[PDB]
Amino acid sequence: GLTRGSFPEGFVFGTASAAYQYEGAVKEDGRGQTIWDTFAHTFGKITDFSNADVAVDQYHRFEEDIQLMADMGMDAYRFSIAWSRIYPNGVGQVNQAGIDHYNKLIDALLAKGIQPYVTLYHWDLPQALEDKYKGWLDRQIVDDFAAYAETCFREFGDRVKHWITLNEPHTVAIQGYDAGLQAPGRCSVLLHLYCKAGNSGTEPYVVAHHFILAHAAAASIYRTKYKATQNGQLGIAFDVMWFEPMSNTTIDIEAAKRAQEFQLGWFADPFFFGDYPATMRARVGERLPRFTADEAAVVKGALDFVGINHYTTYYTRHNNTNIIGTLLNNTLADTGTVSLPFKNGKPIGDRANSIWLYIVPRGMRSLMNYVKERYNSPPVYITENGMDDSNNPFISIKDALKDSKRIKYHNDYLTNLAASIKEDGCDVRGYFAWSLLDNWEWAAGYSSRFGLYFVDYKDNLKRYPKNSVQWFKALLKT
C-alpha cells in the first residue's frame, strides 16, 4: 500500500500532542493555574469526573516517549508550550524553570533527529488573565499573547523552525463561548442552564476576532525581529470538518459552502483576503466585529502555512428559522444551516468512539481541494488526523491493542491525502497523527483512547504499542 514514496520527497510524518492533555505536573516548577485547571476541578464539567493533574506524566517521561517516536521512524513531533509554565500569571515575571524544561524537550527531540513543531496556544490560558480581564474577551489578550510568543521565539527559535500560534480557534470560540462545554464554559444561560455567565450570540465573535488579531500580532513580531535570522515559519491549526450537501440541489450545495465559510472561512478569509466571509457579514451583522484598515493590513498574509486538523465529514442542509429575538442568538442559527452525519436516517460512515467522529476518508481529499482552490494553493500541513477507541475495562490490554479500525482509518485517509497531492496538485507538506499516546481528552477525560500507544492508567501509566505502531513503522521505513 502506502510508503514514503507515495508522498513528495521530504514529506514530513509526525505525531501530535498538547501540554494539558499530556504533561501532568500541574503544580510543579512554578507552573501557573490555567482556565483548564479551574474547569477540570469544577463539578459537572468533565464527563468521567477526571482531571489532568497527572495526565500521562509526559513532563517527566518525555525521553521515554521520544524513543517511542524514534522506534516508528517519525520525522517530527507536534507539542504545545504551556503558557503558564513560561508566565505563570500570563504577563510579568518569566519563569526560568519553564524555559529550562522546554529546552530539554526540544534538545531531546533533536538529539533523536525528530523536528519540533510547536503550538504556542493549545487552550491553556493562565487563569490570571481570565481573572484580570476575562481572557480572550478583552483586546488586552492581543498584546499579552504577542509578548508571550516573542519570549518563545527568543528562547527557542534558534532550534524551533515551525510554529503554530493557535490550535483550533473555532473550537474554542464555539465550545468555550457558545456551547459552554469547554473552558471557560461560558454561554447564554437561556440556551444551556449549566452555564454561569455568557452570551452565545456575541462572545464567540469577539473571541474569534481577538484570536485573529493575536496571531497577526505574534506574526508581526516574528517577521520583523526573528524570521530573517531564524529562518522558520508560522501557521495556525484549524479544526475543519468537511461538509457535503445533504441533497445534490443548489440550496443544499450553497448551504454546505456556507457552513464551510462559517467554520474555516471565519478565520481563513481574514488571513488571505483581509476580511470575514461576505456571508458572515450578511447574517451576523453588527455582532461581527470590523477590522480597521491597519488591522486588515497586518492580518492579510500573516500565515506561512495552513494547519488543518481534520477528522470527519457531515451532511449539511439549508435551514430556515424565525428566531425568538436576540435572547436565543447562537452561532449555529447564524449559519442558516444544520449539519449532521445522517442522511435519510443513514449514517455517513462507520463511527469511532467519539460520538461526533464519523469515518469518511474521501472528505480529506475534498477538503484539500477546497483549500487549494479558495486560498490559492497555500502550503498545508495536516496538523491532526486520527480516531479513538473506547476505554474498555471489560477487555484485556492485549485485546485493547488490536486497533485494526485505527489502522484502516489512517490507511484510508492517507491514501486520499496522497491522491490530493499527486493527482490534484495540492501542496500538502506534512501529516501528524492524533495522537502518540492515549491521553486526557478534555471534557471526555480518559474515556477516549486516541493513541498509537495504549496507556495503562491502572499500572503507573505504562505505555504499550497498539498494532498501529508496527503499521506506522512499516509505512515510514527507508
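Note that residue numbering begins at 1 and tracks the sequence as displayed.
Between 204 to 212 and 240 to 248 (mean CA B-factor, as deposited), the higher = Here the higher of the two C-alpha B-factor means belongs to 240 to 248.
Would 436 to 444 or 62 to 70 have the larger average of its C-alpha temperature factors, as given in the entry?
-> Looking at the record's C-alpha B-factors, the answer is 62 to 70.
Reading the B-factor column of the entry, which of 360, 125, 371, 323 has the highest value at its C-alpha atom?
-> Answer, based on the entry's C-alpha B-factors: 323.
Among 270, 184, 307, 289, single out the one with the highest C-alpha B factor in the record, please.
-> Spelled out: the listed residue with the top C-alpha B-factor is 289.
Going by the recorded CA B-factors, say which third of the chain residue 455 sits in, lowest, middle or highest.
-> Tercile = middle for this residue's CA B-factor.
Classify residue 394 as lowest, middle or highest third according to the C-alpha B-factor given in the PDB entry, relative to its own chain.
-> For residue 394, the deposited C-alpha B-factor lands in the highest third.
Compare the C-alpha B factor of residue 386 with those of the other modelled residues in its chain, then answer lowest, middle or highest third.
-> It falls in the bottom third of the chain.
When the modelled residues of the chain are sorted by Cα temperature factor, does residue 95 land in the lowest, middle or highest third?
-> Tercile = highest for this residue's CA B-factor.
CA B-factor ranking of residue 48, expressed as a third of its chain = Middle third by C-alpha B-factor.
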